[PDB]
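S.K.: Position in the sequence shown counted from 1, then plus 1059, gives you my numbering. Even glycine gets a Cβ: it sits at the ideal position worked out from N, Cα and C. Here it is, the structure, as structure tokens.
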Amino acid sequence: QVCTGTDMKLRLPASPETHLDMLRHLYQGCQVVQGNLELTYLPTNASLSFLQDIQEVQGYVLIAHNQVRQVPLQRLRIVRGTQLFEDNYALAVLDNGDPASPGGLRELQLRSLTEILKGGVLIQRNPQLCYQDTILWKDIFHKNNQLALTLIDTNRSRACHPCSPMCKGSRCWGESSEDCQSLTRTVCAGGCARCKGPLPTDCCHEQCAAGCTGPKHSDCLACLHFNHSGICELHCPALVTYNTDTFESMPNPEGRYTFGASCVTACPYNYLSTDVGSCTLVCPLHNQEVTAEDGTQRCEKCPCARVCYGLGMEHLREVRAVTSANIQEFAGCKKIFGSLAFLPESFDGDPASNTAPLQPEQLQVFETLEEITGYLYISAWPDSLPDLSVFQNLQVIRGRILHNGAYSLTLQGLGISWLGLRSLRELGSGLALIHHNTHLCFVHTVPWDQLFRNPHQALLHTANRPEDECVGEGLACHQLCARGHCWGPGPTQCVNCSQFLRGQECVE
């Protein structure tokens, strides 16, 4: 029921062909989206009904380059705006249409949208879109959301029918009466931030956001800060309380962690329990990730060990791929904190600095790697390597950082005949995508679902070597493989053995 969005922005999907299923797998059944919610480059005939469940977005909401006439986000109530589009917009709609009926967005239909916590609104170049200019946006922007930008492009090729006659003030998201925007902020008697009506008795509890059922902290539709079992509070109750005469620690049975905008009893899988009582993915400076014997993580004081970092972290924040100039940074690593990527640039080198192209022996630095905290993206690989076995010892991909905010594992355009990633056991989060891997077999010979740890993640694949061809050539799994499942040819590539093992070999 809770999932994250992506970070593709206005960039084309790596595999547009599977993009709609990606969204389907990610969002069907998801009420709350962490991070930003982005729908970009979707076709006219896309079916997006799986988005009908979304109620809240932690970050910004972006609709762009879609030819989609309708986007079923009418249930959305609040945009929290942790990140803004172009650092300014909580919500933005761009280029959703064509230059038989034309494609492009016609209505927003955000009838349940009541609030923008922070950030403005940007609507541009959407020639088929109506009523973007009727919404009394100042009523939606939070009281303290003074970045009340309304960059609304009203240049439309499509004529707009007036808003249903039942809409007071003709403020609507679409023609229907149901698409009329209720005014609940600038119309409140008593001067309260939010209300249900013209009376002061209609005022929402002061700790409430995006509207209410009443004046109590137990009467809100969405909390300003945290939702503790339906109760709105500034913060989650402390995990430990104190007797200040002696400063005795008293773990609080009612104490909760802060995650998202709600209170939890424990951090979600792959999240770390901080000393703060917050759930993170990344520890504060001078704290380290510690894994408990029960498999969960926490941030604890570190004194501090040298830590191996990947792309997206520390001095590698600006680095897009591992280059030949970065290899030594992984020497001696078992766990890398960050992402890795092997893109043509890695293998082309860098004429601006005359960096040599990455050689296959330099990838040996990763043979000792057991865990990556970020994502792995390969779009280029030496053709001398028939597989990705240099990472055969990689057991865990956590997906803390996702490629374009979506993938924890992506492989594309490769000549590898098999993956060979025999140690992989878990894909902690994120999507996996295999595409255009012209010569790659053993795609459906892997019980892929066994390494997925969430209903909101799945393996997507397209245009790879057809299994039909792999089958015709006998690129089948060894008869001693559990379930007939493997990562590549031979007794050593089995996901598990039905037999005794000798080294990597299933033997009988």
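#1: Going by other Cβ atoms of all chains shown within 10 Å of its Cβ, with 16 needed for buried, is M1225 buried or exposed?
#2: What residue range does the alpha helix (DSSP H) around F1406 cover?
#3: Since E1115 and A1281 should fall inside the 8 Å C-beta cutoff, what is the C-beta to C-beta distance between them, to a whole number of angstroms?
#4: Quick check: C1545 and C1556, are their CB atoms within less than 7 Å of each other?
#5: With 16 other CB atoms within 10 Å as the buried threshold, where does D1446 fall?
#6: Please report the distance separating the alpha-carbon of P1259 from that of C1251.
#7: Under a three-way DSSP split, which group does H1374 fall into?
#8: Using three-state DSSP, classify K1394 as helix, strand or coil.
#9: Please go through the same chain and pick out, in chain order, the residues whose beta-carbon is closer than 6 Å to the beta-carbon of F1318, but skip the five residues on each side of it.
#10: Run the CB neighbour count on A1439, radius 10 Å, all protein chains shown included, and call it buried at 16 or more, exposed below.
#11: So, for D1278: in the same chain, excluding its five sequence neighbours on each side, which residues have a beta-carbon less than 7 Å away from its beta-carbon?
#12: In this structure, does DSSP put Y1148 in helix, strand or coil?
#13: Which whole-angstrom value describes the C-beta separation of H1462 and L1085, a residue pair presumed to lie in contact below a C-beta threshold of 8 Å?
#14: Am I right that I1113 and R1134 are in contact with their C-beta atoms under 8 Å? What's the rounded C-beta distance?
#15: Would you kindly report the start and end of the unbroken alpha helix (DSSP H) that includes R1083?
#16: Rounding to the nearest angstrom, what Cα-Cα distance links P1257 and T1245 in this structure?
#17: Roughly how many whole angstroms lie between the Cα atoms of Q1418 and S1383?
#18: Have a look at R1481, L1167, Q1142 and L1181 and flag the residue whose alpha-carbon is nearest the alpha-carbon of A1151.
#19: Using a Cβ-Cβ cutoff of less than 7 Å, which residues in the same chain neighbour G1547 once the five nearest sequence positions on both sides are dropped?
#20: Reducing DSSP to helix, strand and coil, say where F1425 ends up.
#21: Out of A1390, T1355, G1354 and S1223, which has the shortest C-alpha to C-alpha gap to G1369?
#22: When you compare the CB positions of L1470 and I1431, do they come within less than 7 Å of one another, or not?
#23: What do you get for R1376, buried or exposed, if any count of 16 or more other CB atoms within 10 angstroms of its CB means buried?
#24: What span of residues does the beta strand (DSSP E) with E1237 cover, start to end?
#25: Take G1163 as the anchor and find which of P1403, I1122 and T1193 has the nearest alpha-carbon.
#26: Measure the beta-carbon distance from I1475 to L1499 and round it to whole angstroms, keeping in mind my assumption that it falls under 8 Å.
#27: Per the contact definition of three or more C-beta pairs closer than 8 Å, is the region 1141–1160 in contact with the region 1184–1198?
#28: So what does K1227 bridge to, in DSSP terms?
#29: Using DSSP's beta-bridge definition, name the partner residues of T1469.
#30: Taking three-plus beta-carbon pairs below 8 Å as touching, is the region 1087–1101 in contact with the region 1060–1068?
#31: Can you give me the C-alpha to C-alpha distance between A1297 and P1343, rounded to a whole angstrom?
#32: Determine the extent of the beta strand (DSSP E) in which residue 1599 is found, giving its start and end residues.
#33: Is it right to say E1166 is buried, meaning 16 or more other beta carbons lie within 10 angstroms of its own, or is it exposed?
#34: Within its chain, find whatever has a CB closer than 7 Å to the CB of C1189; leave out the 5 residues flanking it on each side and keep chain order.
#35: Measure the CB-CB distance between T1141 and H1124 and report whether it falls below 7 Å.
#36: For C1367, which residues in the same chain have their Cβ closer than 7 Å to its Cβ, ignoring the five residues on either side in sequence?
M.R.: Once the coordinates are examined:
#1: Counting other Cβ atoms within 10 Å of its Cβ, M1225 stays below 16 and is therefore classed as exposed.
#2: Where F1406 is concerned, the enclosing alpha helix (DSSP H) stretches over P1403 to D1407.
#3: 6 Å between Cβ atoms; contact.
#4: Pairing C1545 with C1556 gives a Cβ-Cβ distance that is not under 7 Å.
#5: So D1446 counts as buried.
#6: If I take the Cα positions, the gap works out to 8 Å.
#7: It is helical.
#8: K1394 falls in the strand class under three-state DSSP.
#9: Here the set comprises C1338.
#10: Counting Cβ neighbours within 10 Å, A1439 comes out buried, since at least 16 surround it.
#11: Take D1278, set aside five residues on each side of it, and the residues of its chain with a beta-carbon closer than 7 Å to its own are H1264, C1271 and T1272, in chain order.
#12: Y1148: strand per DSSP, three-state reduction.
#13: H1462 to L1085, Cβ: 14 Å. No contact.
#14: Confirmed, Cβ separation roughly 6 Å.
#15: Taken as a continuous stretch (DSSP letters only), the alpha helix (DSSP H) holding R1083 covers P1075 to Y1086.
#16: For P1257 and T1245, the distance between alpha carbons rounds to 10 Å.
#17: Going from the Cα of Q1418 to the Cα of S1383 covers about 7 Å.
#18: Comparing alpha carbon positions, the residue from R1481, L1167, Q1142 and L1181 closest to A1151 is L1181.
#19: Hits under 7 Å: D1446, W1477, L1478, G1479 and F1501.
#20: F1425 falls in the helix class under three-state DSSP.
#21: Minimum Cα distance to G1369 is reached at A1390.
#22: No. Outside cutoff.
#23: Burial call: exposed.
#24: It is not in any beta strand (DSSP E) - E1237 carries neither H nor E in the DSSP assignment.
#25: That would be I1122, whose Cα lies nearest to the Cα of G1163.
#26: Between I1475 and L1499 the beta-carbon gap is near 5 Å, inside 8 Å, which marks them as a contact.
#27: In short, these stretches touch, since the Cβ pair count reaches three.
#28: DSSP lists no partner for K1227.
#29: Per DSSP, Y1436 and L1492.
#30: Counting C-beta pairs closer than 8 Å gives three or more between the region 1087–1101 and the region 1060–1068, which meets the contact rule.
#31: Approximately 19 Å between the Cα atoms of the pair.
#32: Because the chain spans 1060 through 1567 in this model, residue 1599 falls outside it and cannot be assessed.
#33: Buried, since its Cβ has 16 or more Cβ neighbours within 10 Å.
#34: Cβ within range, chain order: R1165, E1166, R1215, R1217 and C1219.
#35: Taking 7 Å as the Cβ cut-off, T1141 and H1124 do not qualify as a contacting pair.
#36: Counting only residues of its own chain and dropping the five nearest sequence neighbours on each side, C1367 has a CB closer than 7 Å to the CB of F1389, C1392, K1394, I1395 and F1396.
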